[PDB]
Amino acid sequence: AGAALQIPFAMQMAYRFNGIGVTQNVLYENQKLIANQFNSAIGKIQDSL
Amino acid sequence: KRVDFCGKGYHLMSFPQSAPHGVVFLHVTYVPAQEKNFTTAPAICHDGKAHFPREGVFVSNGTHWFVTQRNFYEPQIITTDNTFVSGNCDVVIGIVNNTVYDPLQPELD
Ligand SMILES: *[C@@H]1O[C@H](CO)[C@@H](O[C@@H]2O[C@H](CO)[C@@H](O)[C@H](O)[C@H]2NC(C)=O)[C@H](O)[C@H]1NC(C)=O
Ligand SMILES: *[C@@H]1O[C@H](CO)[C@@H](O[C@@H]2O[C@H](CO)[C@@H](O)[C@H](O)[C@H]2NC(C)=O)[C@H](O)[C@H]1NC(C)=O
Ligand SMILES: *[C@@H]1O[C@H](CO)[C@@H](O[C@@H]2O[C@H](CO)[C@@H](O)[C@H](O)[C@H]2NC(C)=O)[C@H](O)[C@H]1NC(C)=O
Ligand SMILES: *[C@@H]1O[C@H](CO)[C@@H](O[C@@H]2O[C@H](CO)[C@@H](O)[C@H](O)[C@H]2NC(C)=O)[C@H](O)[C@H]1NC(C)=O
Ligand SMILES: *[C@@H]1O[C@H](CO)[C@@H](O)[C@H](O)[C@H]1NC(C)=O
């Protein structure tokens, strides 16, 4: 939408949780589990491929 | 709100014009400009409680902390009407110490 403006990635993930109706404390208080789940989900794609 | 469906930027409004066998759309959009960098933090710890912005981000100009809206820089001081509380400050990665100002009790002298 213009020039790239940097933001830390967990803070971008919190904006995106807001965009679906969940408060952002739910992301910050679960950060490690959410990242573990994303990593297992990405590791399952290359296994199916 | 569909990205790039009505031009580049944040769609404000669009005007139609007729062409021969066709149509022309003049899209008016909003484009952000002249950014500055800041230090930032996800929450703020005060009295053993974690504070999150209601809307906006916590930013630091070098020595002081403010809340701003995310798309236009307009800094304000962090109060209990700017933020909400959840939990204690032991669980959030990158939490920062600052004071969150209450209006009522300095009204009550
Ligand atoms: C929410 O669901 C997750 C499942 O992804 C739970 O986390 C797992 O809990 C089991 C316990 O049976 C552990 O063995 C796993 O190692 C956990 N997974 C990860 C990625 O940490 C989590 O406990 C659930 N939360 C609640 C409150 O029920
Ligand atoms: C960050 O902004 C603050 C403004 O709040 C500057 O601090 C001073 O703060 C006092 C009381 O809050 C004001 O009376 C002053 O007018 C403010 N400015 C000055 C120049 O004294 C602070 O200087 C700013 N810091 C940086 C690094 O820009
Ligand atoms: C951002 O990354 C920096 C590393 O570049 C982290 O700084 C380190 O913090 C640890 C404490 O967890 C210290 O032991 C290291 O000495 C620091 N390294 C440097 C180079 O400063 C910083 O903590 C990270 N920020 C967050 C919020 O995790
Ligand atoms: C932010 O403020 C809290 C509140 O005091 C600090 O917590 C103290 O941390 C030190 C060192 O980690 C401990 O020795 C104290 O026992 C803690 N106090 C309490 C009341 O728990 C915290 O360290 C501060 N954060 C930073 C980065 O300085
Ligand atoms: C912000 O700082 C970075 C270096 O950390 C620099 O590359 C960038 O151009 C700066 N942008 C602005 C708007 O100051």
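Residues numbered from 1 in each chain as written, not as in the entry; some residues may be left out. Chains lettered and ligands numbered in written order. Part of a larger assembly, values for the part shown. Heavy atoms only, no water.

- Deposited coordinates in this entry are attributed by the record to cryo-EM, at a stated resolution of 3.2 Å.

**So, the UniProt feature "disulfide bond" in chain B**
(1) Moving on: A sulfur-sulfur distance of 2.0 Å separates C45 of chain B from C89 of chain B, so the disulfide listed by UniProt for this pair is formed here. Of this pair, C45 of chain B sits in strand 4 (residues 44–46) while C89 of chain B is found in the loop between strand 8 (83–85) and strand 9 (96–97), placing the two residues 44 residues apart along the sequence. (Disulfide = S-S within 2.5 Å. UniProt positions renumbered as here; feature names shortened; annotations may be inferred. Helix = DSSP H or I, 4+ residues; strand = E, 2+ residues; numbered from the N terminus.)

**Points about the pairing of strand 2 (residues 22–30) of chain B**
All names here are of chain B.
(1) Moving on: In the sheet, strand 1 (residues 10–19) pairs with strand 2 via nine bridges, with the strands oriented antiparallel. Looking across to strand 2, one finds that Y10 is bridged to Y30.
(2) Moving on: Once strand 1 ends, the chain turns through two residues before running back antiparallel as strand 2, passing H21 with a positive phi of about 70 degrees. (Pairing = 2+ DSSP bridges.)

**Brief notes about the site of ligand 5**
All names here are of chain B.
(1) Moving on: With respect to spatial proximity, the complete set of residues near ligand 5 consists of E35, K36 and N37.
(2) Moving on: In this structure, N37 approaches ligand 5 through a side-chain N or O atom, which is 2.4 Å from an oxygen atom.
(3) Moving on: Protein chains shield 30% of the accessible area of ligand 5, which is 360 Å² for the free molecule. (Near = heavy atom within 4 Å. Polar contact = N/O pair within 3.5 Å; in protein donor to acceptor, adjacent residues only side chain to side chain. Areas by Shrake-Rupley, 256 points an atom, 1.4 Å probe, with all protein chains shown as cover.)

**Side note on the state of the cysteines**
(1) Moving on: The final tally for this structure, using the stated rule, is one disulfide over all chains.
(2) Moving on: Covalent S-S linkage joins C45 of chain B and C89 of chain B, the inter-sulfur distance amounting to 2.0 Å.

**A few points about the packing of aromatic side chains**
(1) Moving on: Overall, the coordinates contain three aromatic pairs over all chains when judged by the stated rule.
(2) Moving on: Look at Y28 of chain A and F52 of chain B: their rings are 6.1 Å apart centre to centre, the planes differ by 15 degrees, and that puts the pair in the stacked class. In this pair, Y28 of chain A is assigned in helix 2 (residues 25–28) and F52 of chain B in strand 5 (residues 49–53), connecting two distinct chains.
(3) Moving on: Residue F52 of chain B is classed as buried on the basis of its relative accessible area, which comes to 0%.
(4) Moving on: Judged by centre distance (4.7 Å) and plane angle (25 degrees), the ring pair of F38 of chain B and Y73 of chain B falls under stacked. A residue pair is termed long-range when its members are at least 10 positions apart, and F38 of chain B in the loop between strand 2 and strand 3 (39–41) and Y73 of chain B in the loop between strand 7 (65–68) and strand 8 qualify at 35 residues.
(5) Moving on: Taking the ring centre of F5 of chain B as reference, the NZ or CZ of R2 of chain B above it sits at 3.9 Å. (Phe/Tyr/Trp six-rings, centres within 6.5 Å; stacked < 30°, edge-to-face > 60°. Buried < 20%, exposed > 50% of the residue type's maximum accessible area, 1.4 Å probe, protein only. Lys NZ or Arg CZ within 6 Å of the ring centre and 35° of its normal.)

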